[PDB]
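Participant: need coordinates for the following:
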Amino acid sequence: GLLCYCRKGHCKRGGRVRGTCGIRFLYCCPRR
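Facilitator: Residues are numbered from 1 along each chain as shown. Dropping the coordinates below:
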């Protein structure tokens, strides 16, 4: 939720992965 984004392979403009967005997808949150 929040302002998190699901990106395939690797999150764009963000190195704060929150967890896996399923298979071959990364879910990152710009929190900390």
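Participant: neighbours of residue 26, how many?
Facilitator: By other CB atoms under 10 Å, 19 other residues sit near residue 26. C-beta here means a position set from N, CA and C on the backbone, and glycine is covered the same way.
Participant: SS state for it?
Facilitator: Secondary structure, DSSP: H, G, I helix; E, B strand; the rest coil: residue 26 is strand.
Participant: what are the bridge partners for it, then?
Facilitator: Assessed by DSSP bridges, residue 26 has beta-bridge partners residue 7, residue 20.
Participant: ok, it touching residue 6?
Facilitator: Yes: assessed by CB atoms under 8 Å, residue 26 is found in contact with residue 6 at 7.3 Å.
Participant: nearest spatial neighbour of residue 3, chain-adjacent residues omitted?
Facilitator: residue 30 (5.6 Å; CB to CB, 6 or more residues apart in numbering).
Participant: tell me the contacts of residue 32?
Facilitator: By CB atoms under 8 Å, 6 or more residues apart in numbering, the contact set of residue 32 is residue 16.
Participant: repeat that for residue 4.
Facilitator: Here residue 4 is in contact with 18, 27, 28, 29, 30 (criterion: CB under 8 Å, 6+ apart).
Participant: check residue 27 too.
Facilitator: Contacts of residue 27 were listed using CB under 8 Å, 6+ apart, and they are 4, 5, 6, 7, 11, 17, 18, 19, 20, 21.
Participant: show me which of those are buried.
Facilitator: For the contacts of residue 27, a burial check counting by 16 or more other CB atoms under 10 Å picks out 4, 5, 11, 18, 21.
Participant: surely the fourth one and residue 28 touch.
Facilitator: Yes: contact between residue 18 and residue 28 holds when scored by CB under 8 Å: they sit 5.8 Å apart.
Participant: re the thing from before, between which two of the contacts of residue 27 is the distance greatest?
Facilitator: Greatest spatial distance in the contacts of residue 27: 5 and 20, 13.3 Å, computed using CB to CB.
Participant: any chance of the backbone angles for residue 24?
Facilitator: Recorded main-chain torsions at residue 24 are phi 60, psi 20, according to degrees, to the nearest 10.
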